[PDB]
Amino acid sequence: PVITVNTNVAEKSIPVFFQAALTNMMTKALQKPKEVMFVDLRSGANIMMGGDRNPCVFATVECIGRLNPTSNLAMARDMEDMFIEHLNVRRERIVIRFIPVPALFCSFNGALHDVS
């Protein structure tokens, strides 16, 4: 999976373990091996929300399988809680998009993904 965090929160404000913690949380949530879990953190990004530069997050979760409205809401709340705790962003400044990826439209290590 790929977890992308777009935030105007400065890198210096973010705990050094943030990506590791998000990796672990999303490995558990998505039941996906850590080996193929990416966290792409865009901190100090030039991202504004509502026309203002108060702290905000737009995050994406790209995953083969695992995404559905029930799991999405549970994971969104858990991700929001991590962003609130670690990035000091208000819940009403967080938006998360869940992006289903087809197995045969994603390569890893010289092959597509083999899912029955």
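Numbering starts at 1 and follows the sequence shown.
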Higher average CA B factor in the deposited record is what I'm after, so tell me if that's 91-99 or 12-20. 12-20
Compare the mean C-alpha B-factor of 69-77 with that of 55-63 as given in the PDB entry, and name the stretch with the higher value. 69-77
In terms of recorded Cα temperature factor, pick the maximum from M82, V39, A45, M49. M82
If you rank every modelled residue in this chain by C-alpha B factor, which third holds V5: lowest, middle or highest? lowest
